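Just one chain is shown here, as structure tokens, and it is the form deposited without nicotinamide-adenine-dinucleotide (NAD).
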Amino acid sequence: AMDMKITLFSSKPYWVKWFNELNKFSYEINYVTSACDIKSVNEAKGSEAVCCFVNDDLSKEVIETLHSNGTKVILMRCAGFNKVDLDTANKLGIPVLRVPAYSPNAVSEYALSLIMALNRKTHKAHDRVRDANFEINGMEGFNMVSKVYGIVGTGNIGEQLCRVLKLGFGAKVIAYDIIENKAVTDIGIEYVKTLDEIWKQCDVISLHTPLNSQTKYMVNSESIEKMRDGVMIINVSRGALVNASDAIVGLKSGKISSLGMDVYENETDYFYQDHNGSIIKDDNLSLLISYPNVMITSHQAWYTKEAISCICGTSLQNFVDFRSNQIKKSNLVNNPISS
């Protein structure tokens, strides 16, 4: 019965594992490895729901075809939706239901794991020792309390990183956000009025704002020039908060001592896919990946047992809610009043 069937695009073994574990409602799930696009959309024929991820191509023509073939609801197993044609889903009365937030422990701790990696260089040590090279020159770290940390964006994830740094290491932490978070001020963390004060004061900067016309390229030549010599920059939030071209200039000169990102402006053609043996045509990505003081990872900050359990459970619950007409406002992306 179509009303009980989900076609899950961009399937991976970890999605199979967790959706089957949490599918206590006896939905039938058709796992498709291919991304959703105009060539694969027919695999969803007769599925009341499709379940998609960040790189699935939910264009006007795809959504039209989905609707023609019986699809009533789009379950985004993620927070983002920039490849979903919301207007077409609106016009066809198809709700787009998402997972609005990821486990803030998972993501804040991944940002911390990038700081610790670039600080103590465990990954560099691992590569050396695998080659029977037990030399440690080049691996000088810093004590965590020796640096001033700047948290840009104090939502739930930035808040949790604030707490780890301040309460766990007793470090000095400075925050920036138009909206002050009472849980941050309650543990003694000061907010500054301008981003210029973050650049001026912080040795380690971690970005946690959404991407919009005001935060795009927040890290660029102008702001890099104001930062402290040797600044460490962390970005697990959105690729385009950082202008990669300018970051490269700053890494080359030594102004930026290191860069850790779990996101990248042009991640669509690369992330989650094994592209070994093909040239990465994006030069900035090739360069960044090749630098010794840079970590680029494929948007895995949410990939803990607890966090992926919540992502899959929420997506399954979104279908339960859709079928019972009790959609949660926080999870509804679009406006599916059909034209």
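Residue positions are given as counts along the sequence shown, with the first one as 1.
FYI, the form solved in complex with nicotinamide-adenine-dinucleotide (NAD) isn't displayed, but the following is about it.
Using a 4.5 Å cutoff between non-hydrogen atoms, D262 counts as a contact of nicotinamide-adenine-dinucleotide (NAD) in the bound PDB entry. Shown alone here, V145 lies farther than 4.5 Å from nicotinamide-adenine-dinucleotide (NAD) in the bound PDB entry, counting heavy atoms only.
nicotinamide-adenine-dinucleotide (NAD) in the bound PDB entry comes within 4.5 Å of a heavy atom belonging to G153.
Interface residue remark: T209 is counted as part of the site for nicotinamide-adenine-dinucleotide (NAD) in the bound PDB entry, having a heavy atom within 4.5 Å. Between 220-228, 236-244, 114-122, 251-259, the stretch whose residues reach within 4.5 angstroms of nicotinamide-adenine-dinucleotide (NAD) in the bound PDB entry through a non-hydrogen atom is 236-244. Checked against nicotinamide-adenine-dinucleotide (NAD) in the bound PDB entry, the candidates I157, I74, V173, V204 yield a single residue with a heavy atom inside 4.5 Å, and that residue is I157. The partner is absent here, but in the bound PDB entry a heavy atom of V107, alone among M232, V107, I198, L165, sits within 4.5 Å of nicotinamide-adenine-dinucleotide (NAD).
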